[PDB]
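>>> As a preliminary step, the opening chains of the complex are given here in situ:
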Amino acid sequence: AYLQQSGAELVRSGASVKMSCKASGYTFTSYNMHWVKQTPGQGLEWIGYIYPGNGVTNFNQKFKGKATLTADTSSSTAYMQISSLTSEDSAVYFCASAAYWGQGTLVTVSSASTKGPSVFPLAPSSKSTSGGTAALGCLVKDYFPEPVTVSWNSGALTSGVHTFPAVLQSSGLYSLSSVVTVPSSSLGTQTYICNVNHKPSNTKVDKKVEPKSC
Amino acid sequence: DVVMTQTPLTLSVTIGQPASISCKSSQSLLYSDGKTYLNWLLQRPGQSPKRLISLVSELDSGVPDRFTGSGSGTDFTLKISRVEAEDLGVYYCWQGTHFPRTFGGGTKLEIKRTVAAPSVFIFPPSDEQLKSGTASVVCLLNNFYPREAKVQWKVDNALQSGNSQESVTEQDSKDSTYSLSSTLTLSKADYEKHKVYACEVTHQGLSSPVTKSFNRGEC
């Protein structure tokens, strides 16, 4: 009951991009595999589909000349390639089939080189306590392009986490914070490590967040 | 192309309230095999879409029975009998009968709830970042409603302008609140010229404005 898409990509204008969608928990060859472009303002635009049962494809006439759709039945994996990329091709791309949607693949068409983030702790202290709880987090600064993923204690910690939408800095680099509230009593015994992955620069960083003495 | 028109563009509802979404196609969606391929999706904030209904009225596995789909021909409706907190996000219809496949424009469902004051926290910059020549100071406002909030930075009691950036989360799917971060960014030299760094927060849930501050030496 699940569609898993490949990671985000930075691609140059005029080049191509290829992304994958691996299917499980349903008969892959029994349903049209759709590809959908999501515009920045919540719009959904159909690109086309492939029926993995016989390979037949049907396309939106707007994407006919640049989208190539394929399917591997042995691995239950669908693929989309988009050639001659322009600025308007920067979007999140979804696969959809049967009752399922993928998590989306973020494509950024830019000539700028990639930059992995710097990670700094947001140390809990008496200045980040409220009603017996304490706030803490990690500042993720100066990266390009989007996105970074943040997890906490390798995904074991999710409750109370707010990973904020990134902001755009005037340098053109991105920045975000991820924070969590926890018991203030637990700061001496519990360990809080934020895990920051940035696929286009192949950057993985773990930063243990220690309390401050104030 | 077959156009899908959704209305309303936005639904603002309280917990327990009925909700209704209209989807009209510019041509019939009845296919030659006798079925009508009309689907309904919900994309919760910061999530991938999820199919709720297909073939006009048939609910997917796991979808609560407070959702119902109806209609025929060109006019279709999705109804929520009693809205729950987790029903927020954007609803889309889309048709599988004609080429190209086409989607509605989306209906944002948002939750109205009681006012809730923010919890306020402040973070001094780390020594690691100060070693690199930059000082970011973060003010966190946690789990408040409504969304509107006034955050002002004061440095030695002088009001700041032009050196901070705010970011707001999506509405929470359980308690329907928002959180906000305000980040004051200065160079190492500018940071070391002042002592009291303060973020001052105004919000309908606070009987008077709330200040959170630290001294550059203490932390």
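Perfect, thanks for sending it. Numbers count the residues shown, from 1 in each chain, chains lettered A, B, ... in the order given.

>>> Just give the closest residue to residue A:100, not the sequence neighbours.
residue A:3 (4.8 Å; CB to CB, 6 or more residues apart in numbering or on different chains). In this view, the C-beta of every residue, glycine as well, is placed from N, C-alpha and C.

>>> what about the closest residue to residue A:64 other than its chain neighbours, how many neighbours?
Closest residue to residue A:64 apart from its sequence neighbours, by CB to CB, 6+ apart: residue A:48 at 7.9 Å. A count of neighbours around residue A:48, defined by other CB atoms under 10 Å in any protein chain shown, yields 24.

>>> and for the helix or strand where the residue nearest to residue A:100 lies, what are the contacting residues?
Applying DSSP states H and E as the criterion places residue A:3 in strand A:2-5. By CB atoms under 8 Å, 6 or more residues apart in numbering or on different chains, the residues outside strand A:2-5 that reach it are A:19-25, A:93-97, A:100-105.

>>> picking up where we left off before, correct me, but the residue nearest to residue A:64 touches residue A:65?
No. Under the criterion of CB atoms under 8 Å, residue A:48 is not in contact with residue A:65, lying 11.7 Å apart.

>>> how is the chain carved up into domains?
Just going to use chain A. For chain A, the structural domains run A:4-109, A:118-209, going by curated CATH domains.

>>> Actually, chain B is the one I wanted.
Here the domain parsing of chain B from curated CATH domains is B:4-112, B:119-215.

>>> and the strand holding residue A:3, which strands flank it?
strand A:17-24 (antiparallel) (DSSP bridges).

>>> now residue B:94, nearest residue through space, not along the chain?
Leaving out its chain neighbours, the residue that sits closest to residue B:94 by CB to CB, 6+ apart is residue B:103, at 4.1 Å.

>>> Run a quick neighbour tally on the one you found.
By other CB under 10 Å, 21 other residues sit near residue B:103.

>>> do residue B:41 as well
When neighbours are defined as other CB under 10 Å, residue B:41 has 23 of them.

>>> cool, and residue B:107?
Neighbour count of residue B:107, defined by other CB under 10 Å: 24.

>>> contacting residues for it?
B:6, B:7, B:8, B:9, B:10, B:11, B:21, B:90, B:91, B:92.

>>> 10 Å instead?
Residues near residue B:107 by CB atoms under 10 Å, 6 or more residues apart in numbering or on different chains: A:42, B:6-11, B:19-23, B:42, B:78, B:89-93.

>>> Kindly report the same for residue B:54.
Going by CB under 10 Å, 6+ apart, residue B:54 touches A:98, A:99, B:35, B:37, B:38, B:39, B:40, B:41, B:60, B:69, B:96.

>>> Then residue B:151?
Residue B:151 neighbours (CB under 10 Å, 6+ apart): B:118, B:120, B:139, B:141, B:164, B:166, B:180-182, B:184, B:199-203.

>>> near chain A, from these?
When contact is defined as CB under 10 Å from any CB of the partner chain, the contacts of residue B:151 meet chain A at B:118, B:120, B:139, B:166, B:180, B:181.

>>> What residues are bridge-paired with the third one?
In other words, residue B:139. residue B:122, residue B:182.

>>> Quick check on residue A:89: phi, psi?
Main-chain dihedrals, residue A:89, degrees, to the nearest 10: phi -90, psi -10.

>>> Residue A:51 now?
In terms of degrees, to the nearest 10, the main-chain angles of residue A:51 are phi -90, psi 110.

>>> what's around the closest residue to it other than its chain neighbours, how many residues?
Nearest residue to residue A:51 in three dimensions, chain neighbours excluded: residue A:32, at 5.2 Å (CB to CB, 6+ apart). Residue A:32 has 18 neighbours, counted by other CB under 10 Å.

>>> and chain C, same structure:
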Amino acid sequence: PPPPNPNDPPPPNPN
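Putting chain C together with the chains above:
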């Protein structure tokens, strides 16, 4: 579990 309904009809075999 029952197989989910399709979003749209699959295309016929080409030949």
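
>>> The neighbour count of residue A:32 with chain C there, same question as before?
For residue A:32, the neighbour count with other CB under 10 Å is 24.

>>> surely it meets residue B:96?
Yes. In this structure residue A:32 lies within contact range of residue B:96 using CB atoms under 10 Å: 8.2 Å.

>>> circling back: would the strand holding residue A:3 count as contacting chain C?
No. Using CB under 10 Å from any CB, strand A:2-5 never reaches chain C; the gap is at least 12.4 Å.

>>> I'd like the distance from that strand to the chain centre, please.
Distance, stretch centre to chain centre, for strand A:2-5: 13 Å (CA atoms, centre = their mean, to the nearest Å).

>>> ditto for stretch A:17-33
Distance of stretch A:17-33 from the chain centroid (CA atoms, centre = their mean) equals 19 Å.

>>> what about that stretch, start to end distance?
This stretch, stretch A:17-33, spans 18 Å end to end (CA to CA, to the nearest Å).

>>> Which neighbours do residue A:32 and residue B:96 have in common?
A:49, C:6, C:7, C:8, C:9.

>>> wait, does stretch A:135-143 contact chain B?
Yes. Using CB under 10 Å from any CB, stretch A:135-143 reaches chain B at A:135, A:136, A:137, A:138, A:139, A:141, A:142.

>>> on that earlier part again, out of the shared contacts of residue A:32 and residue B:96, who has the most neighbours?
residue A:49 (29 neighbours).

>>> moving C-terminal of the helix or strand where that residue lies, what's the next helix or strand?
Using DSSP H and E, residue A:49 falls within strand A:44-50. As assigned by DSSP H and E, the chain's next helix or strand after strand A:44-50 is strand A:57-59.

>>> who does that next one touch, helix- and strand-wise?
The contact analysis (3 or more CB pairs under 10 Å, 6 or more residues apart in numbering or on different chains; DSSP states H and E) places strand A:57-59 against strand A:33-38, strand A:44-50, strand A:67-72.

>>> Closest to the centroid, which residue in chain B?
The centroid of chain B falls nearest to residue B:170 when counting by CA atoms, centre = their mean (2.7 Å).

>>> which SS state does it fall under?
Following DSSP: H, G, I helix; E, B strand; the rest coil, the label given to residue B:170 is coil.

>>> returning to that earlier point: now do the strand holding residue A:49: distance to the chain's middle.
Distance of strand A:44-50 from its chain centroid, counting by CA atoms, centre = their mean, is 20 Å.

>>> Given that strand, what are its sheet partners and their directions?
Applying DSSP bridges, one finds strand A:44-50 paired with strand A:33-38 (antiparallel), strand A:57-59 (antiparallel).

>>> Please identify the deepest-packed of these.
strand A:33-38 (a mean of 24; mean count of other CB atoms under 10 Å in any protein chain shown).

>>> Residue in chain B with the shortest distance to chain C?
Relative to chain C, the nearest point of chain B is residue B:96 (2.5 Å; CB to the nearest CB).

>>> check contacts around that residue.
Residue B:96 neighbours (CB under 10 Å, 6+ apart): A:32, A:34, A:46, A:49, B:29, B:31, B:35-39, B:54-55, B:102, C:6-9.

>>> mind listing the helices for chain C?
With DSSP state H, there are no helices along chain C.

>>> just the residues of it that are near chain B, which are they?
Counting by CB under 10 Å from any CB, chain C sits next to chain B at C:1, C:2, C:4, C:5, C:6, C:7, C:8, C:9.

>>> Give me the spatial nearest neighbour of the residue of chain B closest to chain C, chain neighbours excluded.
Sequence neighbours aside, residue C:8 is the residue nearest to residue B:96 in space, at 2.5 Å (criterion: CB to CB, 6+ apart).
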